[PDB]
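Attaching a single structure in structure tokens format; questions to follow.
Just so it is clear, A, B, C, D, E and F label the chains in written order, and each chain counts residues from 1 on its own.
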Amino acid sequence: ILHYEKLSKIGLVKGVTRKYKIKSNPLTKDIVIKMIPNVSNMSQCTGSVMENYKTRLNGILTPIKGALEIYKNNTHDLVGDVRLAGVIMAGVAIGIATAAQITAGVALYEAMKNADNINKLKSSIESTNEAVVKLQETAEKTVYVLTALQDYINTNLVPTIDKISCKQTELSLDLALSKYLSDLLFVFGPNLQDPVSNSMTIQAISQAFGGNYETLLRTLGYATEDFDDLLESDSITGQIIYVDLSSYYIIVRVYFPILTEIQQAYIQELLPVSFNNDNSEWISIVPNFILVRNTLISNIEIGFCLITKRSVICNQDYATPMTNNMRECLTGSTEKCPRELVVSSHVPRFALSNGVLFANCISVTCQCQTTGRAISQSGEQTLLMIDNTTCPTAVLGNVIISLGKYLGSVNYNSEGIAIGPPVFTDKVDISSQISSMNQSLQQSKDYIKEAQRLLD
Amino acid sequence: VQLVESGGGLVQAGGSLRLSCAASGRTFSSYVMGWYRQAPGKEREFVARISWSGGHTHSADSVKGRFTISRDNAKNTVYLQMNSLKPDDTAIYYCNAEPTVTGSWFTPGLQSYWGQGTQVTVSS
Amino acid sequence: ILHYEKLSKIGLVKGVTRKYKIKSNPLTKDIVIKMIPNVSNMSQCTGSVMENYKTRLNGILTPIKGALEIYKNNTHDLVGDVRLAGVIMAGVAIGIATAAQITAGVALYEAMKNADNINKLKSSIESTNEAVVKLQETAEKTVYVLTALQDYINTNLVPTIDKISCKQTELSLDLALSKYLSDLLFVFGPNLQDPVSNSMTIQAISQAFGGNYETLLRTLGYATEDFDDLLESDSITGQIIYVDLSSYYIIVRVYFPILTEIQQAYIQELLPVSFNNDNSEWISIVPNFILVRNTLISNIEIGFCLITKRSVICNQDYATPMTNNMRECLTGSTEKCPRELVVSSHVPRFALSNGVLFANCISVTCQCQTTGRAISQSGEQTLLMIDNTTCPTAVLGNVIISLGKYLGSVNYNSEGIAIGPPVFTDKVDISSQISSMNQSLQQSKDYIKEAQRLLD
Amino acid sequence: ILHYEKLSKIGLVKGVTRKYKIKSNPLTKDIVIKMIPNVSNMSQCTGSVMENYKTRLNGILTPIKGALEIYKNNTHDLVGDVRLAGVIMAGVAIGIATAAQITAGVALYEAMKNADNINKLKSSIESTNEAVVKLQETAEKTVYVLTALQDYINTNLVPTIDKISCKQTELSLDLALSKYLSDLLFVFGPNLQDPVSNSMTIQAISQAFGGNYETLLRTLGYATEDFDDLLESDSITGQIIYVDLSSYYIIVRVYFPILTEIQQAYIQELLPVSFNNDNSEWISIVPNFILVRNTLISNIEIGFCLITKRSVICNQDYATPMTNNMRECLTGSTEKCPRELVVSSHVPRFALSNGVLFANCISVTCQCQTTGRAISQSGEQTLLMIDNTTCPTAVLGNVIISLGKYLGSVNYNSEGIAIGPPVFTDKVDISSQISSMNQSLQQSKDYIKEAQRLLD
Amino acid sequence: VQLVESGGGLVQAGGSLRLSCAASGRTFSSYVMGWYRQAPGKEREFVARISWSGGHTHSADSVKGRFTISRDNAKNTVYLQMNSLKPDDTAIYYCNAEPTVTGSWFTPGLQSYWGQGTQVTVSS
Amino acid sequence: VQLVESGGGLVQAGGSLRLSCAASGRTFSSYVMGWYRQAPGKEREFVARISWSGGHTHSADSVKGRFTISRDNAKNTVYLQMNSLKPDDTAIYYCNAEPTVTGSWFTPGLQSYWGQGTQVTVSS
């Protein structure tokens, strides 16, 4: 669709085409995180530290529970109908809520039914004594418990209990609990005012467990090649289903997606390169990633996605509209494309695509050793293309490259093209540029008003 | 929408099978397919899952390398190839199909379809 | 003030009103951080490691002290007057300074008088051997010392001193000091060129103590319910008062605020929702938090503040001005409000406020089960409101909600409104859009200039 | 060059002049990072954990090697010529590549020659048993090996092997390996799709070694006073030269720059201060750092550089162009400088430069203790300058300052100046302001079109 | 500005008191009020602090739970309610008032005001 | 471009020397200068480096404090001052010059110039 060879003369080069793939249909598994460790092995040297700890940690879980009780008890199961089965929500009592938040309210109720099975294991949860342990939910199902600091207690304190004094053992425990709380607050502190939401990435939830999210995922028992990609694309997420202030454990439901490609959609990356105009170097200012869907052109805010070597992985659809004036650049009207003046000493001056070099040879010593003659561009040409029809191997700086053959028009080096208007992109410049335009318009507007009014 | 499983039966331990699920209607080109099995005296456990294009698969770690899954959008079928079956693999196998959804991580009342199930057993 | 029910038809919904609350009137407490640990328990296996360490760590404290001496000896106490008592600052010698920095120079001198009491404890400071220890400043007063790594030495190395060789004990110590320095530089390296400034948040200072800022605050002995909120709004801050290159400790003064509400001020959040126009979906582009003070409307850069469920906590006043063309939207001239085209597949399409739904029922299957009939909007309507007077319970997607009654004008579903101009928000689109405007102006300007000149 | 005293009346003050210095001519040293620790001291309690670990870690190194093999075997040494000596690159096979990436391809080949010497030590690499060890590459050269977790194994597990059960020892090992992988993925996971590039900062590479980059630098054996500055300016960098899936070690080449000053170039910082106009407080909106090169004025995106107390350190040239309308402000045309309305309660109201105060005395209680008389500005004056000719000592708020003498024009307090147009900088305001301008232009354009068309 | 404390005296250990500070002038609605006490042979120590609205309070951990503070902007007073006094609680108690300031974390010469002080003592 | 070293010879252990490298041409004002030494039976090892202005220096830790380097852009020379030479310091010393480059961390074929080298030895 887009006119590559016209677009190329203004300092752009065709990048690698990437498939567009996104999250879909997540699976669910429930796990319990126990925030307070077990110390019965050496209780005689714990003293009061565990009472102070519980007094503080209770102070940060109670706001979460209070915010979650709203949806958890202002909703009911539908009765009196058989054509539809589902929940019913007391909108009058909920008051103000977003569509996404209301949807999470349904998932929470749907999950609460299963969480109540785990709630019967309360006596075993309190008796754990390893970092990871497996419990029989029923003869038919099992749940995994992850303990915050049981490894440190089992490894450093329990063995040295005879050499270090009882006082210093207690103190060496206090520092660990305090360090852990100092970290935990960044996730479960006041920043978590909407725990009903189901979008918190699992790397955040895992801060309740020393950040060792690798084990927290290994316990799920799923396996796929996409595992490294789903992690980095922030697609794996966990929702807080239940919390119990009498034992300091939270139950989280983990959602595990499977990736899907989107049909007839691809992302075209564009490599920019500086070019000559008059005596000045210029760079065209156009979006670096162009997204095509069903031959419609749109702009993607790619900062939210993972740009792998072959495809772009996004946790959700991130397309955004494009001004029609800009679209005209991509469909071949180079007069529309803005350009910014180059004033730094180092900026890219050549690139390679399909084995053909595009080079701003006015600023780099382009030449080819097959004949030893230099390559030179006159002031009329913005860029030169180099291929094996002119010379088989060429040198740039001191890099030596062997070249392919160009597939487009043979006269590329002799056509030239109509370049567009200059623009400045700095935020403080923009704030000045808007006012400067307004003053210029105002001088013009006063002319029309006077001629219409005074010389009607 | 109707699904139907086929090819079950009895095999010697260490044997292999090709369980085949077949679909109906034109809508087959967009459904996430998968398999769930119910071992006697156990909850229905997940086995494998496959995207619409067949380029992406996901499965339980307990069957990693042991089992492989593939789909054919021309025949409108899903194939599960099992190798070196152990005595514990005996279970009823159910074919599963689920429409593709994105955006929200949860979708209330998302319509799911299940096959009729078929028997698989292993002799020591 | 602002006209909600006109504003609502362009895809906005009234969010939760929040009180506006800020820092005030901090208290001060002084504490010592000792950066080099004590190793006399096992000195024979330290070898040379402590001399190399001191050689490096001195190299990063000396640039801090050099920057602090400037104010510490170019200032004097006022003499020869009794109408005022205070400092006097040698502006000729200070040379170039900001108003905030000069103010912190007064605080430094005011604090230096107390720090010199702590300076008499130098022999005891060097003789600490726990992670926290309490010292008598006088019979009247006490200071706390926090020691960098004393727990690690007391817990891992001192017990194993017999089982591990002396060489590997020295090496296992060297790694720990080096790890600590690798972290410390991110706060006390070259980024801290202005240590006189009194605004460094205490989470940063606590990097001198392994980031266990929870103990560094527990030692203060203050208690308040606000404690989690003052932390997370970054309102608690520490100033470096003194440093001693012969013993490697710094004295920091901790400032502890108490919160205040601001009278007659509140923040109105607005929930956006997409709406229909023509066949296209649109989103109106207005500031999502509107700040009202004494019925002046102004714009807040809320990213500097903490949005709790009931009030906004800011470490200082963050209001900013609003363009009068934008204000005209909020006081009800909807013709002004810009809108951006929707081209992603998923963006919010309903919301709830006061138990009344606002729904873009052209794109979601709105219906109500009390009769089973669908709800439909014609192309003239941007949104529908749904309430229990049209039908008591309604379905969206497959969420089922029970509804309140609307308080405003009864005819909401029948008015329609004058929607405003389209706009595109991407930074590269803006860089195009200014130039396109300029070319359009220039053609117009040339018309006036020629007509005025050539046909004068 | 720039007109400080005219520019000063609009609320700007001359800051400290800083020298401009940047990275140059880096040196190179090669080191080996071994990612899997050695456990032969307690192998009987490792069980299967090492097999699962290798199975996972292999899964993240294989994509890196695959991306690196491209340049490593599609290039050859030049033969058949003596006028030039160098490599030759198979551009046909490389296909698509940026100029920077191609350059790194040459450096990789140049380094691969030396890496093959290290490749012969494979038997010794696998037999390491300390966190840091030195190996004889030849009798003439030595290489350093850094092991990921050897200290933890040597310090916590190896001694307690008799007190803790074998099962719990194995489990306490598993948690450590899993924690390490949970951290490593943020650097070597899918975000590292271009390992050929030579710009990755060493603080990132060091995540393969617990982030203790201090030791990874100490082993280089270089010493310089710039060491703290080169670190924070992100100028030190490491390139992955080789990887071996049979032993899980990577070889990285470390580049160590030396700083260079740029001739006839300096950065002028400008301190902003609010000023009075009508009854309103205003702030002029101009770039806070002005970069002058050979008396040309340009704008620097200083966020990429370190602003030390005496000079700015940048890892590369960061100049950017400036609109000529803005430049006119700096060369003395104050009518051009935009200004934003002040609506916050606290904003700077005075500053000190060369011992002379510039103060917005309409908002602060300016006065002189030498006489006790207050200082007052009439509505015609934007700011007042205070020096020892008017008062030897002055008070602001309650700060007491002693003042120098002004070197410029004596009548500064009586001249006044022509202030510029108002502007609003919020991003949502800009999105509204562009459309408002367009509507105003359109009403004007329709006038010209109609008069030209209908009354031709 | 003038402040006056009232209601001191002697209690048995475990007793309770209502120390009351009263203010003057119309300006009272903006001042951060608080209390400091001075046990014999000790520096003046902090007790409690209360915002203008009474909605926010801050206190020494040594008196957490034991003491509570409130203010009344119609009477122009501050009340300190003490429970279960220990023998160590004996001190002079001073009422403290301080104008609200924000922005900078330090404010040179910010005008404090102090009451006259009143006596509290505890018998075992 | 031509470089030439001078001032070598023999000194008693603990002695001192002033090795002086001299340059040619007007281009000397922009070249990063430095010294490399070749101990018998060892690879050429780095000693010191100095920027164009002389304001920045870099050197091996093995010679920290022991050696100091300076340059003179008027004379077009580089001076290396050695103190307390140990027996191991005996080696051939080579003067090195390298044009200033920035931007990329690597520069293919960057033209480097080397002096003729000079002998230094130490007697116990």
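In this section, a contact is a pair of C-beta atoms (placed from the backbone, for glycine too) under 8 Å apart; a residue touches a chain by one contact, two chains touch by 3 or more.
Repeating the A-F interface, with the same residue numbers in over half of the contact pairs, is the pair D-E out of C-E, D-F or D-E.
Counting C-beta pairs in contact across D-E and across C-E gives the higher total for C-E. Averaged C-alpha coordinates give centres for chain E and chain F that are 73 Å from one another.
Chain centres here are Cα averages; for chain A and chain E they lie 51 Å apart. Residue positions of chain D touching 2 or more other chains: 86, 100, 103, 106, 156, 316-317, 345-346, 397-399, 430, 433-434, 437, 441, 444, 448. Of all residues in chain B, those touching 2 or more other chains are 102-104, 108-109, listed in ascending order. In the complex of the two chains, the chain C residues touching chain A come out as 14-16, 130-132, 151, 154-156, 158-159, 206, 210-215, 218, 228-229, 231-232, 271, 273, 306-309, 340-346, 348-355, 357, 369, 393, 396-404, 424-439, 441, 444-445, 448, 452.
In the complex of the two chains, the chain B residues touching chain C come out as 102-104, 107-109. The touching residues of chain D, counted against chain E in their complex, run 345-346, 397-399.
Interface residues of chain D, counted against chain F in their complex, comprise 22-27, 86, 100, 103-104, 106-107, 139-141, 198-199, 221-226, 237, 255-261, 316-317. Touching chain D in their complex are the following residues of chain C: 59-60, 67, 78, 81, 84, 86-92, 94-100, 102-103, 106, 156, 160, 163-164, 168, 171-172, 174-175, 178-179, 181-183, 185, 189-191, 193, 285-287, 298-299, 301, 316-323, 325-326, 329, 336-338, 420-423, 425, 430, 433-434, 437, 440-441, 444, 447-448.
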